[PDB]
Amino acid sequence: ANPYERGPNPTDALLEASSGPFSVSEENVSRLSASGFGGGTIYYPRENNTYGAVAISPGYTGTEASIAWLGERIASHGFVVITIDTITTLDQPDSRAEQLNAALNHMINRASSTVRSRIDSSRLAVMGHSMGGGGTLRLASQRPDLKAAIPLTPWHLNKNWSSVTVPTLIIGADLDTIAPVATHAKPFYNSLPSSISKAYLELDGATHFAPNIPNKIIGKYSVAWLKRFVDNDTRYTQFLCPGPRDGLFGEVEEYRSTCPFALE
């Protein structure tokens, strides 16, 4: 059987709920102790086991407060998750890529033993909002050893991500006027290889700031993607293939994917 499975068999309601089946704890990461990023919060399951680990970045002028709900929710499904602050709130995407990587390595090596003992350091993922989503793409290109990448309403001036092989779910917002899907999220998705595991999910009725307030669709598909690719958990394939692929009014404007997904 797959040794990385955690939690009960999933349902729609379980994934749409405010929290998953794991109670969570928090560890503050001081700015002074945070090496190579601005600090942040680590959310982790109280139950002693090993889990995959995830770092999440905000965007320009943003703080961890704009992503905290999502890091806590993902951790409650069985992940160790750090929501970062950046060195300055104005850092550019390629700098945020570095900082996401530094945050992964902080969790693995420099957090409390309570946190470090809960991490499988071989199973890592990154996510981020807007310029933090651009940073997610850049880090994925640098680190094909990541198990998953989830850019949220991403922003980057580089439109060509044709080397990336990390399983990548891009979440766009139909009404985004700041990182429009026409010039950011869709070109990024279209440039990813056809031969990798990838998906594009466009939220319906959503602005650029949809990732900054609790969202049941972002939570559902972020957790299903992380389960499928960080944990190789094929109990979550059913949510992603074929996925919400004809739209779902007020939920999903469009969904594209390279289903079926190769299994590691």
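Residue indices: 1-based, along the sequence shown.
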Note to self: Regarding 106-114 and 126-134, which shows the higher C-alpha temperature factor on average in the entry?
What the structure shows: 106-114
Notebook entry, point to check: If you average the Cα B factors in the entry, which is higher, 202-210 or 35-43?
Noted result: 35-43
Item checked: Candidate residues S195, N48, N232, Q238, the one whose C-alpha B factor the record puts highest -> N48
Margin query: According to the Cα B-factor stored in this entry, which of the following is highest: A55, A68, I218, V29?
Written below: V29
Next item on the list: Just say lowest, middle or highest third for the CA B-factor of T153 relative to the other modelled residues in its chain.
Entry: lowest
Note to self: When the deposited Cα B-factors of this chain's modelled residues are ordered and cut into thirds, is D120 in the lowest, the middle or the highest one?
What the structure shows: middle
Margin query: Which third, lowest, middle or highest, does the C-alpha temperature factor of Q142 belong to within its own chain?
Written below: middle
Note to self: Using the temperature factors of the C-alpha atoms in this entry, rank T183 within its chain: lowest, middle or highest third.
What the structure shows: lowest
Note to self: Where does the C-alpha B-factor of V81 rank in its chain, lowest, middle or highest third?
What the structure shows: middle
